[PDB]
$ cat final.pdb   # PDB, N, CA and C atoms
MODEL        1
ATOM      1  N   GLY A   1     180.867 217.535  93.983  1.00  0.00           N
ATOM      2  CA  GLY A   1     182.331 217.305  93.839  1.00  0.00           C
ATOM      3  C   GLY A   1     182.926 218.070  92.674  1.00  0.00           C
ATOM      4  N   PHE A   2     182.181 218.147  91.575  1.00  0.00           N
ATOM      5  CA  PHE A   2     182.642 218.854  90.385  1.00  0.00           C
ATOM      6  C   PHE A   2     182.056 220.262  90.327  1.00  0.00           C
ATOM      7  N   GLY A   3     182.599 221.157  91.146  1.00  0.00           N
ATOM      8  CA  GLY A   3     182.122 222.528  91.170  1.00  0.00           C
ATOM      9  C   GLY A   3     182.866 223.417  90.193  1.00  0.00           C
ATOM     10  N   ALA A   4     183.522 222.798  89.217  1.00  0.00           N
ATOM     11  CA  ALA A   4     184.281 223.537  88.215  1.00  0.00           C
ATOM     12  C   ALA A   4     183.457 223.766  86.953  1.00  0.00           C
ATOM     13  N   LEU A   5     182.295 223.127  86.884  1.00  0.00           N
ATOM     14  CA  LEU A   5     181.423 223.264  85.723  1.00  0.00           C
ATOM     15  C   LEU A   5     180.576 224.527  85.820  1.00  0.00           C
ATOM     16  N   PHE A   6     180.558 225.140  86.998  1.00  0.00           N
ATOM     17  CA  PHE A   6     179.791 226.361  87.207  1.00  0.00           C
ATOM     18  C   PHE A   6     180.495 227.550  86.565  1.00  0.00           C
ATOM     19  N   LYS A   7     181.738 227.331  86.150  1.00  0.00           N
ATOM     20  CA  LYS A   7     182.531 228.373  85.508  1.00  0.00           C
ATOM     21  C   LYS A   7     182.955 227.932  84.112  1.00  0.00           C
ATOM     22  N   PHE A   8     182.763 226.647  83.824  1.00  0.00           N
ATOM     23  CA  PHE A   8     183.121 226.090  82.526  1.00  0.00           C
ATOM     24  C   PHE A   8     181.900 226.034  81.608  1.00  0.00           C
ATOM     25  N   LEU A   9     180.721 225.866  82.201  1.00  0.00           N
ATOM     26  CA  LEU A   9     179.484 225.806  81.429  1.00  0.00           C
ATOM     27  C   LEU A   9     179.029 227.204  81.032  1.00  0.00           C
ATOM     28  N   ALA A  10     179.530 228.213  81.734  1.00  0.00           N
ATOM     29  CA  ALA A  10     179.171 229.591  81.434  1.00  0.00           C
ATOM     30  C   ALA A  10     179.749 230.007  80.087  1.00  0.00           C
ATOM     31  N   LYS A  11     180.651 229.180  79.568  1.00  0.00           N
ATOM     32  CA  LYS A  11     181.282 229.437  78.281  1.00  0.00           C
ATOM     33  C   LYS A  11     180.660 228.555  77.204  1.00  0.00           C
ATOM     34  N   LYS A  12     179.890 227.563  77.643  1.00  0.00           N
ATOM     35  CA  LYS A  12     179.224 226.642  76.731  1.00  0.00           C
ATOM     36  C   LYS A  12     177.715 226.839  76.784  1.00  0.00           C
ATOM     37  N   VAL A  13     177.129 226.579  77.951  1.00  0.00           N
ATOM     38  CA  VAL A  13     175.694 226.741  78.140  1.00  0.00           C
ATOM     39  C   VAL A  13     175.255 228.161  77.789  1.00  0.00           C
ATOM     40  N   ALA A  14     176.140 229.123  78.029  1.00  0.00           N
ATOM     41  CA  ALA A  14     175.848 230.522  77.738  1.00  0.00           C
ATOM     42  C   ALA A  14     176.575 230.981  76.478  1.00  0.00           C
ATOM     43  N   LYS A  15     176.525 230.154  75.438  1.00  0.00           N
ATOM     44  CA  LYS A  15     177.179 230.473  74.174  1.00  0.00           C
ATOM     45  C   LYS A  15     176.236 230.246  72.997  1.00  0.00           C
ATOM     46  N   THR A  16     175.573 229.094  72.989  1.00  0.00           N
ATOM     47  CA  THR A  16     174.642 228.755  71.919  1.00  0.00           C
ATOM     48  C   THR A  16     173.299 229.450  72.115  1.00  0.00           C
ATOM     49  N   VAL A  17     172.889 229.595  73.372  1.00  0.00           N
ATOM     50  CA  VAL A  17     171.623 230.243  73.694  1.00  0.00           C
ATOM     51  C   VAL A  17     171.646 231.717  73.304  1.00  0.00           C
ATOM     52  N   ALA A  18     172.821 232.333  73.405  1.00  0.00           N
ATOM     53  CA  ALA A  18     172.980 233.741  73.064  1.00  0.00           C
ATOM     54  C   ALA A  18     172.577 234.006  71.617  1.00  0.00           C
ATOM     55  N   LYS A  19     172.787 233.013  70.758  1.00  0.00           N
ATOM     56  CA  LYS A  19     172.445 233.138  69.345  1.00  0.00           C
ATOM     57  C   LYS A  19     171.012 232.684  69.090  1.00  0.00           C
ATOM     58  N   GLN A  20     170.515 231.795  69.945  1.00  0.00           N
ATOM     59  CA  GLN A  20     169.156 231.281  69.812  1.00  0.00           C
ATOM     60  C   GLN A  20     168.227 231.937  70.830  1.00  0.00           C
ATOM     61  N   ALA A  21     168.136 233.261  70.772  1.00  0.00           N
ATOM     62  CA  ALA A  21     167.282 234.009  71.687  1.00  0.00           C
ATOM     63  C   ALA A  21     165.842 234.046  71.186  1.00  0.00           C
ATOM     64  N   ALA A  22     165.613 233.454  70.018  1.00  0.00           N
ATOM     65  CA  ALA A  22     164.281 233.419  69.427  1.00  0.00           C
ATOM     66  C   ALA A  22     163.802 231.985  69.230  1.00  0.00           C
ATOM     67  N   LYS A  23     164.532 231.035  69.807  1.00  0.00           N
ATOM     68  CA  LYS A  23     164.178 229.625  69.693  1.00  0.00           C
ATOM     69  C   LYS A  23     162.848 229.338  70.385  1.00  0.00           C
ATOM     70  N   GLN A  24     162.500 230.176  71.356  1.00  0.00           N
ATOM     71  CA  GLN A  24     161.255 230.011  72.097  1.00  0.00           C
ATOM     72  C   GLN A  24     160.447 231.304  72.103  1.00  0.00           C
ATOM     73  N   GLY A  25     160.878 232.270  71.296  1.00  0.00           N
ATOM     74  CA  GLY A  25     160.180 233.540  71.223  1.00  0.00           C
ATOM     75  C   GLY A  25     158.868 233.435  70.475  1.00  0.00           C
ATOM     76  N   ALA A  26     158.771 232.446  69.592  1.00  0.00           N
ATOM     77  CA  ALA A  26     157.560 232.236  68.807  1.00  0.00           C
ATOM     78  C   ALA A  26     157.315 230.750  68.569  1.00  0.00           C
ATOM     79  N   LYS A  27     156.543 230.132  69.457  1.00  0.00           N
ATOM     80  CA  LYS A  27     156.232 228.711  69.343  1.00  0.00           C
ATOM     81  C   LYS A  27     154.757 228.450  69.630  1.00  0.00           C
ATOM     82  N   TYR A  28     154.188 229.234  70.540  1.00  0.00           N
ATOM     83  CA  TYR A  28     152.784 229.087  70.905  1.00  0.00           C
ATOM     84  C   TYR A  28     151.903 230.005  70.064  1.00  0.00           C
ATOM     85  N   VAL A  29     152.514 230.677  69.094  1.00  0.00           N
ATOM     86  CA  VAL A  29     151.786 231.587  68.218  1.00  0.00           C
ATOM     87  C   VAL A  29     152.027 231.250  66.750  1.00  0.00           C
ATOM     88  N   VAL A  30     153.131 230.561  66.478  1.00  0.00           N
ATOM     89  CA  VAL A  30     153.474 230.175  65.113  1.00  0.00           C
ATOM     90  C   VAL A  30     152.510 229.117  64.588  1.00  0.00           C
ATOM     91  N   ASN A  31     152.036 228.259  65.487  1.00  0.00           N
ATOM     92  CA  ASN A  31     151.104 227.200  65.117  1.00  0.00           C
ATOM     93  C   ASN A  31     149.662 227.662  65.305  1.00  0.00           C
ATOM     94  N   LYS A  32     149.482 228.696  66.121  1.00  0.00           N
ATOM     95  CA  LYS A  32     148.156 229.240  66.388  1.00  0.00           C
ATOM     96  C   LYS A  32     147.677 230.101  65.224  1.00  0.00           C
ATOM     97  N   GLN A  33     148.618 230.766  64.562  1.00  0.00           N
ATOM     98  CA  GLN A  33     148.294 231.624  63.429  1.00  0.00           C
ATOM     99  C   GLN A  33     147.793 230.800  62.247  1.00  0.00           C
ATOM    100  N   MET A  34     148.283 229.568  62.142  1.00  0.00           N
ATOM    101  CA  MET A  34     147.885 228.678  61.058  1.00  0.00           C
ATOM    102  C   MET A  34     146.432 228.244  61.216  1.00  0.00           C
ATOM    103  N   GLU A  35     146.016 228.032  62.461  1.00  0.00           N
ATOM    104  CA  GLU A  35     144.649 227.614  62.752  1.00  0.00           C
ATOM    105  C   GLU A  35     143.648 228.666  62.285  1.00  0.00           C
TER     106      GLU A  35
ENDMDL
END

$ encode --input "final.pdb" --output "structure tokens"
Amino acid sequence: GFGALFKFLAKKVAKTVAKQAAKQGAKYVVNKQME
């Protein structure tokens, strides 16, 4: 019913992630290097 979020979330969901492109770039190696 609410098909307006497919054009409204593109301004939100695709706004914070653009800056956090490294939030998951190093997670399985950051803790592995410590070991």

$ axis_aligned_box --input "final.pdb" --around "segment 6-18 of chain A" --padding-each-side "3 Å" --output "AutoDock Vina command-line options"
--center_x 177.4 --center_y 229.6 --center_z 79.4 --size_x 17.5 --size_y 14.9 --size_z 21.6

$ select_by_dssp --input "final.pdb" --residues "chain A" --states "helix (DSSP H, G or I)" --output "ChimeraX atom specification"
/A:5-11,13-16

$ atom_distance --input "final.pdb" --atom1 "atom N of residue 12 of chain A" --atom2 "atom CA of residue 27 of chain A"
25.1 Å

$ atom_distance --input "final.pdb" --atom1 "atom CA of residue 21 of chain A" --atom2 "atom C of residue 2 of chain A"
27.5 Å

$ atom_distance --input "final.pdb" --atom1 "atom CA of residue 18 of chain A" --atom2 "atom CA of residue 31 of chain A"
24.2 Å

$ build_atoms --input "final.pdb" --residues "segment 8-29 of chain A" --atoms "N, CA, C and O atoms" --output "PDB file, in the coordinates of the input"
ATOM      1  N   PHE A   8     182.763 226.647  83.824  1.00  0.00           N
ATOM      2  CA  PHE A   8     183.121 226.090  82.526  1.00  0.00           C
ATOM      3  C   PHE A   8     181.900 226.034  81.608  1.00  0.00           C
ATOM      4  O   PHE A   8     182.023 226.150  80.388  1.00  0.00           O
ATOM      5  N   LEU A   9     180.721 225.866  82.201  1.00  0.00           N
ATOM      6  CA  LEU A   9     179.484 225.806  81.429  1.00  0.00           C
ATOM      7  C   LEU A   9     179.029 227.204  81.032  1.00  0.00           C
ATOM      8  O   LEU A   9     178.233 227.369  80.112  1.00  0.00           O
ATOM      9  N   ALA A  10     179.530 228.213  81.734  1.00  0.00           N
ATOM     10  CA  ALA A  10     179.171 229.591  81.434  1.00  0.00           C
ATOM     11  C   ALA A  10     179.749 230.007  80.087  1.00  0.00           C
ATOM     12  O   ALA A  10     179.389 231.046  79.535  1.00  0.00           O
ATOM     13  N   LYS A  11     180.651 229.180  79.568  1.00  0.00           N
ATOM     14  CA  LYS A  11     181.282 229.437  78.281  1.00  0.00           C
ATOM     15  C   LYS A  11     180.660 228.555  77.204  1.00  0.00           C
ATOM     16  O   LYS A  11     180.872 228.767  76.010  1.00  0.00           O
ATOM     17  N   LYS A  12     179.890 227.563  77.643  1.00  0.00           N
ATOM     18  CA  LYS A  12     179.224 226.642  76.731  1.00  0.00           C
ATOM     19  C   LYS A  12     177.715 226.839  76.784  1.00  0.00           C
ATOM     20  O   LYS A  12     177.094 227.216  75.789  1.00  0.00           O
ATOM     21  N   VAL A  13     177.129 226.579  77.951  1.00  0.00           N
ATOM     22  CA  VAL A  13     175.694 226.741  78.140  1.00  0.00           C
ATOM     23  C   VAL A  13     175.255 228.161  77.789  1.00  0.00           C
ATOM     24  O   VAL A  13     174.143 228.377  77.307  1.00  0.00           O
ATOM     25  N   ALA A  14     176.140 229.123  78.029  1.00  0.00           N
ATOM     26  CA  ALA A  14     175.848 230.522  77.738  1.00  0.00           C
ATOM     27  C   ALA A  14     176.575 230.981  76.478  1.00  0.00           C
ATOM     28  O   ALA A  14     177.165 232.062  76.447  1.00  0.00           O
ATOM     29  N   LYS A  15     176.525 230.154  75.438  1.00  0.00           N
ATOM     30  CA  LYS A  15     177.179 230.473  74.174  1.00  0.00           C
ATOM     31  C   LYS A  15     176.236 230.246  72.997  1.00  0.00           C
ATOM     32  O   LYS A  15     176.114 231.098  72.116  1.00  0.00           O
ATOM     33  N   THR A  16     175.573 229.094  72.989  1.00  0.00           N
ATOM     34  CA  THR A  16     174.642 228.755  71.919  1.00  0.00           C
ATOM     35  C   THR A  16     173.299 229.450  72.115  1.00  0.00           C
ATOM     36  O   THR A  16     172.648 229.848  71.149  1.00  0.00           O
ATOM     37  N   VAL A  17     172.889 229.595  73.372  1.00  0.00           N
ATOM     38  CA  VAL A  17     171.623 230.243  73.694  1.00  0.00           C
ATOM     39  C   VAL A  17     171.646 231.717  73.304  1.00  0.00           C
ATOM     40  O   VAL A  17     170.623 232.283  72.920  1.00  0.00           O
ATOM     41  N   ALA A  18     172.821 232.333  73.405  1.00  0.00           N
ATOM     42  CA  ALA A  18     172.980 233.741  73.064  1.00  0.00           C
ATOM     43  C   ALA A  18     172.577 234.006  71.617  1.00  0.00           C
ATOM     44  O   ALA A  18     172.086 235.086  71.287  1.00  0.00           O
ATOM     45  N   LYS A  19     172.787 233.013  70.758  1.00  0.00           N
ATOM     46  CA  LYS A  19     172.445 233.138  69.345  1.00  0.00           C
ATOM     47  C   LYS A  19     171.012 232.684  69.090  1.00  0.00           C
ATOM     48  O   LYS A  19     170.369 233.131  68.138  1.00  0.00           O
ATOM     49  N   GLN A  20     170.515 231.795  69.945  1.00  0.00           N
ATOM     50  CA  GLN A  20     169.156 231.281  69.812  1.00  0.00           C
ATOM     51  C   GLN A  20     168.227 231.937  70.830  1.00  0.00           C
ATOM     52  O   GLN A  20     167.608 231.257  71.650  1.00  0.00           O
ATOM     53  N   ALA A  21     168.136 233.261  70.772  1.00  0.00           N
ATOM     54  CA  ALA A  21     167.282 234.009  71.687  1.00  0.00           C
ATOM     55  C   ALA A  21     165.842 234.046  71.186  1.00  0.00           C
ATOM     56  O   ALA A  21     164.961 234.599  71.843  1.00  0.00           O
ATOM     57  N   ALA A  22     165.613 233.454  70.018  1.00  0.00           N
ATOM     58  CA  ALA A  22     164.281 233.419  69.427  1.00  0.00           C
ATOM     59  C   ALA A  22     163.802 231.985  69.230  1.00  0.00           C
ATOM     60  O   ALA A  22     162.791 231.743  68.570  1.00  0.00           O
ATOM     61  N   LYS A  23     164.532 231.035  69.807  1.00  0.00           N
ATOM     62  CA  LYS A  23     164.178 229.625  69.693  1.00  0.00           C
ATOM     63  C   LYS A  23     162.848 229.338  70.385  1.00  0.00           C
ATOM     64  O   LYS A  23     162.155 228.378  70.046  1.00  0.00           O
ATOM     65  N   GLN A  24     162.500 230.176  71.356  1.00  0.00           N
ATOM     66  CA  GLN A  24     161.255 230.011  72.097  1.00  0.00           C
ATOM     67  C   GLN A  24     160.447 231.304  72.103  1.00  0.00           C
ATOM     68  O   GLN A  24     159.455 231.424  72.823  1.00  0.00           O
ATOM     69  N   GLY A  25     160.878 232.270  71.296  1.00  0.00           N
ATOM     70  CA  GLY A  25     160.180 233.540  71.223  1.00  0.00           C
ATOM     71  C   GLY A  25     158.868 233.435  70.475  1.00  0.00           C
ATOM     72  O   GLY A  25     157.957 234.236  70.689  1.00  0.00           O
ATOM     73  N   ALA A  26     158.771 232.446  69.592  1.00  0.00           N
ATOM     74  CA  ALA A  26     157.560 232.236  68.807  1.00  0.00           C
ATOM     75  C   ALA A  26     157.315 230.750  68.569  1.00  0.00           C
ATOM     76  O   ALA A  26     157.814 230.175  67.600  1.00  0.00           O
ATOM     77  N   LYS A  27     156.543 230.132  69.457  1.00  0.00           N
ATOM     78  CA  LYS A  27     156.232 228.711  69.343  1.00  0.00           C
ATOM     79  C   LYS A  27     154.757 228.450  69.630  1.00  0.00           C
ATOM     80  O   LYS A  27     154.148 227.558  69.037  1.00  0.00           O
ATOM     81  N   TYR A  28     154.188 229.234  70.540  1.00  0.00           N
ATOM     82  CA  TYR A  28     152.784 229.087  70.905  1.00  0.00           C
ATOM     83  C   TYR A  28     151.903 230.005  70.064  1.00  0.00           C
ATOM     84  O   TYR A  28     150.697 230.102  70.291  1.00  0.00           O
ATOM     85  N   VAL A  29     152.514 230.677  69.094  1.00  0.00           N
ATOM     86  CA  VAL A  29     151.786 231.587  68.218  1.00  0.00           C
ATOM     87  C   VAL A  29     152.027 231.250  66.750  1.00  0.00           C
ATOM     88  O   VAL A  29     151.228 231.607  65.883  1.00  0.00           O
TER      89      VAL A  29
END
